[PDB]
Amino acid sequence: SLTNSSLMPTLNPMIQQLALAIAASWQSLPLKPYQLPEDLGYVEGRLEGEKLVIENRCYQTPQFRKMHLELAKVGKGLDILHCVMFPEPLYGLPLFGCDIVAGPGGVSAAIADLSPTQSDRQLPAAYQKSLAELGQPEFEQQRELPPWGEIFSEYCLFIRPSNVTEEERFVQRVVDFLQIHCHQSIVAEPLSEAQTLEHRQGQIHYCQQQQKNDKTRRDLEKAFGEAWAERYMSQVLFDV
């Protein structure tokens, strides 16, 4: 739960809403704590004169190797919400991912997706059915998916909301993704010892293709140096 968070009170409202939505979702799962390095659950430093604060929260269930929720205020001009649910290979579940970049003015970037971990790079029929029983929802000002953005799926959103209306429907869309994703996880069956290997490759590839985003690495580099930043990227953000 986030009632002990020191950052939630000062974060963009849309960020708050998503963190709440994500917590509500994970609480319905048989959550087991995930151990992150002793000094990385809560990080505080300075980036060009501004206070940089990060709160990391991690959990896991038999079907999710690592469920990570990251909240950050990089100075007082930038807010961050980073969330990733790492699928335990043996179950072949898709990759849930959500990211929000915001500032005082508002939200400049919001992206959520259920990334296929299969080699076919597709989603289970069960997902496709449920996702479509909802229908294509709004959205204005889509965004450019990068060359390293191949790892993503298609039902994936990515926008710059406009009013407190395209925000609430972004949130609501994430809630729907999570509901479908959680439900399909309590009824996922162990795959083969061949296939599991492939799903583990599916995640390894993901973590690396996403790390192609030196925007997070660069900021952590300027604040803590490259050795610390690299340990954060490989230990917290995208462990192999």
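Numbers follow the displayed sequence, beginning with 1.
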*Select between 126 to 134 and 85 to 93 the stretch whose C-alpha atoms have the higher average B-factor in the entry.*
126 to 134
*Quick one: higher average CA temperature factor, 152 to 160 or 75 to 83?*
152 to 160
*According to the deposited entry, which of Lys212, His183, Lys66, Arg57 has the largest Cα B-factor?*
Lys212
*Criterion, highest CA B-factor; candidates, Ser192, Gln179, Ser28, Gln172*: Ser192
*asked:* Looking at the temperature factor on the CA atom of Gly202, which third of the chain's modelled residues does it land in?
replied: highest
*In terms of the CA temperature factor given in the entry, to which third of its chain does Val236 belong: lowest, middle or highest?*
lowest
*So where's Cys98 on the chain's Cα temperature factor ranking, which third?*
lowest
_Third of the chain's Cα B-factor distribution that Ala112 belongs to, per the entry_ = middle
